[PDB]
Structure formats: structure tokens, C-alpha cells
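Virtual Cβ from ideal backbone geometry, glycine too; neighbours counted across all protein chains shown. No lab work stands behind these numbers, since they all come straight from the coordinates.
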Amino acid sequence: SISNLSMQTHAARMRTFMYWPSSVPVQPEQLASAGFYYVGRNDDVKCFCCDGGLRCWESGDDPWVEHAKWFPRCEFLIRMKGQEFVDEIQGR
Ligand SMILES: [Zn+2]
């Protein structure tokens, strides 16, 4: 089931990044697209579906690749990217 139903829509997730720190090299649009919303502390984000949390984002980090690497069984990630994409990331 969905861990945080209130954050299931892209527009609700985007609102959470209003005060996302400027020096973070990963943008709200990319994080929100991958299911992540900002919890309001440093650069901590969580997936609305699996509740997986990620922080300390680096330049070049791809939110979809990170979602597949750390949280492969997420239903949202599998529905958006497909099991084939997840399997490829998991295999590397
Ligand atoms: Zn997830």
C-alpha cells in the first residue's frame, strides 16, 4: 500500500520543495518525478509510496537510478520505470 497518500500527486510533491536548499545539485522536478517529496530537513527526501528515505545528494545523482538501487521493490518505481529497468540497476 501507499505510505503517504497525500504525496501521491506530482504537484503536491513539488510544493514540498519550496525551501529546498539552493546548493543541492539535484533539482525538485527530478526528485518529485521519481516519487520523492522533501521533509523540510537539510536535503532529506522520502518516497510517497515505499517510504524509502534518501539524503546527501551529489552532482550527477539520478533520482530514478537511486530509487531502483536502494528501494527496488517499490510499487511506484516498478509502475513508472518497469521491472526491466529495476533489474538492470540491481544487477550493477
Ligand atoms: Zn518508492
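Relative to the Cα centre, the charge distribution of the chain, modelled as +1 at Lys and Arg Cβ and -1 at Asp and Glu Cβ, gives a dipole magnitude of about 280 debye. Distance from the Cα centre of segment 66-92 to that of segment 34-61, in angstrom? One Cα centre to the other: 16 Å. Peptide packing: for 11-20, 30-39, 55-64, 68-77, the average count of neighbouring Cβ atoms within 10 Å per residue gives the ranking 30-39, 68-77, 11-20, 55-64, highest mean first. Using a cutoff of 8 angstrom between alpha carbon atoms and counting only pairs six or more residues apart, the relative contact order for the chain works out to 25 percent.
Of the residues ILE2, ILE78, the one with the fewest other Cβ atoms within 10 Å heads the list, and the complete ranking is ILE2, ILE78. Between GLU88 and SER3, the simple spin-label model (points 7 angstrom out along Cα→Cβ) gives 2.5 nm. Phi angles of segment 80-91 translate, via the Karplus equation with coefficients 6.51, -1.76, 1.60 and θ = phi - 60°, into HN-Hα couplings of 8, 9, x, 4, 4, 4, 4, 4, 5, 5, 4, x Hz per residue; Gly and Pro are given as x. Report the one residue of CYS47, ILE78, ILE89 whose Cα lies farthest in the direction of the positive end of the charge dipole of the chain (charges on C-beta: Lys and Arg +1, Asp and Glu -1; origin at the Cα centre). So the residue we want is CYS47.
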